[PDB]
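See below for the structure under consideration.
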Amino acid sequence: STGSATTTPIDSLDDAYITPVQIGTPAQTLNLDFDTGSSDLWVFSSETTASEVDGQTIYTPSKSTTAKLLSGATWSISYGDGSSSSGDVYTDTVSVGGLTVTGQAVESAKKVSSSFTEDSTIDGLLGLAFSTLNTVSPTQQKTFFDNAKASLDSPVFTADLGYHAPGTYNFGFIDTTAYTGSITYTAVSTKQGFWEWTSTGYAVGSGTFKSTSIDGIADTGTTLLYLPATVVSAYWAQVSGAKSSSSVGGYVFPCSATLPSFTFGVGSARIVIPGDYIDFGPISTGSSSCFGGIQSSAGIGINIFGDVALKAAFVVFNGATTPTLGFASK
């Protein structure tokens, strides 16, 4: 089997991407944030504290003839930005772009933090990291991909995120028309539950490539590119007037600037992030200070190849017995 679904930016800055997902019988379609940096499929629901729902579409398990309470199971998750959610668990039928999993754990939110409430466009998350990170207790649950894998034509999914435009998540096949040149594969460590890999270095603009190992995670659920302070400083030093602002919480730059590209290595291959991908616009409405899309990972404890990096590539998440990651230009 295979599946294919379009993923769409939630706003003009590509702050996140949403993908429609069918849950239950009859189908209830919710727009979920596909997140290769976590492993829970959770949704706003009829159980979510009413004051914490503001415009989201909810899953109502009592209206699904295939929903079953997973007795005794609860979940609770916190993300890298300090947001969180928790609740109980149902199993139900879940379909993505024509690919159907029966008995998928659908984690129903009883509580969500303010960042989720305030984002009317995201109805929940669909985790695509390794199932070892799933938070359901006392019986850990499998991700949608893990459940689908054995049925797929090939045990893979691909992320093809657009810059200020829709893109695609495919399950079970590699669309050879969706990228240019060849796909370069690179080793993955699953030890921390992430799609963790080692980039071979970087360049800033038309500058020379610096060969240096950068361990990090491929994380579609993180907006920006978080890299070591040395790398980030080298980037922003090429932008007149750019500075790190403690009050704003990262590097900012004059909105009048033309940003240089940023290249990262995948083995001997190179992915080029155009400068415009690194512009996240005014820090506040009407400001001439703009927020940078490349930020320091210092104090995160891990480097993160988030959407800024991933959207410059066609990315293969290969879930074979020994997982790997593939990157192609597009």
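Here the deposited numbering is used: the first residue of the sequence shown is 1, the next is one more, and so on. Don't be surprised by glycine CBs; every beta carbon is placed ideally from N, CA and C.
Query	Result
Helix, strand or coil, according to DSSP, for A309 in the structure here?	helix
DSSP has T7 in a bridge; who is on the other side?	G167
For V232 and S296, which I take to be in contact (beta-carbon distance under 8 angstroms), what is that distance rounded to the nearest angstrom?	5 angstroms
Beta strand (DSSP E) containing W75: first to last residue?	68–78
Is the separation between the beta-carbon of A313 and that of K330 shorter than 8 angstroms?	yes
Measuring straight from C-alpha to C-alpha, what distance separates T65 and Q104?	14 angstroms
Quick check on this structure: which residue in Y202, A159, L126, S287 has the alpha carbon closest to the alpha carbon of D146?	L126
According to the neighbour-count rule (16 or more other Cβ atoms, all chains shown, within 10 Å of its Cβ), is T322 buried or exposed?	exposed
Taking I278 as the reference, which of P228, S62, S261, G267 has the closest Cα?	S261
Which residues mark the beginning and the end of the beta strand (DSSP E) in which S199 is found?	196–204
Who does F130 pair with in a DSSP beta bridge?	In the DSSP output, where bridge partners are listed per residue, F130 has none listed.
Under a three-way DSSP split, which group does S114 fall into?	helix
Is it buried or exposed, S46, if we count other Cβ atoms within 10 angstroms and call 16 or more buried?	exposed
My parser needs the beta strand (DSSP E) runs of 3 or more residues fully inside the segment 249–291; what are they?	250–254, 262–266, 269–273, 279–282
Output yes or no for whether 8 angstroms exceeds the beta carbon distance between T117 and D54.	yes
Rank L133, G97, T91, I283 by C-alpha distance to the C-alpha of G249 and give the top, closest one.	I283
CA-CA distance, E52 and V112?	7 angstroms
If we ignore side chains and look at the alpha-carbon of each, how far apart do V272 and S115 end up?	31 angstroms
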